[PDB]
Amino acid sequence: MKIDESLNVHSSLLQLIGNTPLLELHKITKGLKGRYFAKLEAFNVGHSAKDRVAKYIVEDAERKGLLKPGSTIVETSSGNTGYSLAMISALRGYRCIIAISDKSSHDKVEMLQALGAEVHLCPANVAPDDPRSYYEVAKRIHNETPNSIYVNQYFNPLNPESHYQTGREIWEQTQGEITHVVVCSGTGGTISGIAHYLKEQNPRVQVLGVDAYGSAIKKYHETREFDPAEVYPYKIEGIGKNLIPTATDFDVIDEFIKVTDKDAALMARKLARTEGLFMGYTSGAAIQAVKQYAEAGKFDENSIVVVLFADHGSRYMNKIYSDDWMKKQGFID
């Protein structure tokens, strides 16, 4: 017997990454102009878009001889990148060490540990250069650990490179008809890699980012200056940042918009109840951003709008899908 990929038969979990569904939306986008499609990155085996980053960077390190059974992968992550790296590390027999901040719910920490990762919990509300931060904890661990790599997704050019293929998929799945893409920006690797592919096929495609309140990204996109007044703690994970990642290519992004923690959380809940799509916090942010962009007039009857849904609702049971947590934030009565 042999292994056929159109029979959906696979020799490695790594082949269950990429080529995710594009699904047309009709209900959550009711009464907007144009057609709307969701790129469902939760269908990756690791349940987020970060599977592509982890695969691409691990395979690159393997090709460079830097990883063998027993080697160590170190990374700073709020959850998804660490999960994908720990998933691959479990398969390959790598030691995986993740620095995570306590902004993330304990659910994500226990997922990482189920995959066999060593987790270092770090205080969230410290400066990036504070030696207690999850950025600096991971750099130390890397320096102290021989036969280790530091993925460093915020400053690793392989990150947006891995999402060139995401853009290729979006381009082919819309048959070259896409006019706008809406993508939340964390490291910025997803939006930038997508933008690189799409702008090369058609520079008129509008690349629209989503930012959080409390993040420096939008202001930097408009002024190219890091404004500390823009930075303060917020509750959405995986969107926005308290520093400027070089993984973000600000020159290919046409516009940024901010969405509140509250509206993103309510929109994630509304998406689940309306479309049956049980998606993560940033998917709620992304759909809310589509609503805000639409009210600002970005789309017309000829628009072909793709919105990236980065991860799955099952990782947010102690946040936006917990009525107690929502009440405690004041997002619901």
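From 1 onward, residues are counted along the sequence shown.
Which wins on mean Cα temperature factor, 82 to 90 or 121 to 129? Averaging CA B-factors over each stretch, the winner is 121 to 129.
Using only the Cα atoms and their B-factors as the entry lists them, report which of 191 to 199 and 104 to 112 averages higher. Mean B over CA atoms: larger for 104 to 112.
Largest Cα B-factor, entry values, listed residues 176, 209, 167, 160: Answer, based on the entry's C-alpha B-factors: 176.
Of the choices 47, 33, 64, 52, which one's C-alpha carries the largest B-factor in the record? Out of 47, 33, 64, 52, the record gives the largest C-alpha B-factor to 33.
Third of the chain's Cα B-factor distribution that residue 284 belongs to, per the entry: Lowest third, going by the recorded CA B-factors of the chain.
Per the entry's values, where does residue 73 land by CA temperature factor relative to the rest of its chain, in the lowest, middle or highest third? Its C-alpha B-factor, which the entry lists for residue 73, ranks in the lowest third among residues of this chain.
Mind checking which third residue 19 falls in for C-alpha B-factor across the chain? Residue 19: CA B-factor falls in the middle third of its chain.
Name the third of the chain's ranked CA B-factors that contains residue 223, choosing lowest, middle or highest. Within its chain, residue 223 is a highest-third residue by C-alpha B-factor, going by the deposited values.
Among the modelled residues of this chain, does the Cα B factor of residue 302 put it in the lowest, middle or highest third? Residue 302: CA B-factor falls in the highest third of its chain.
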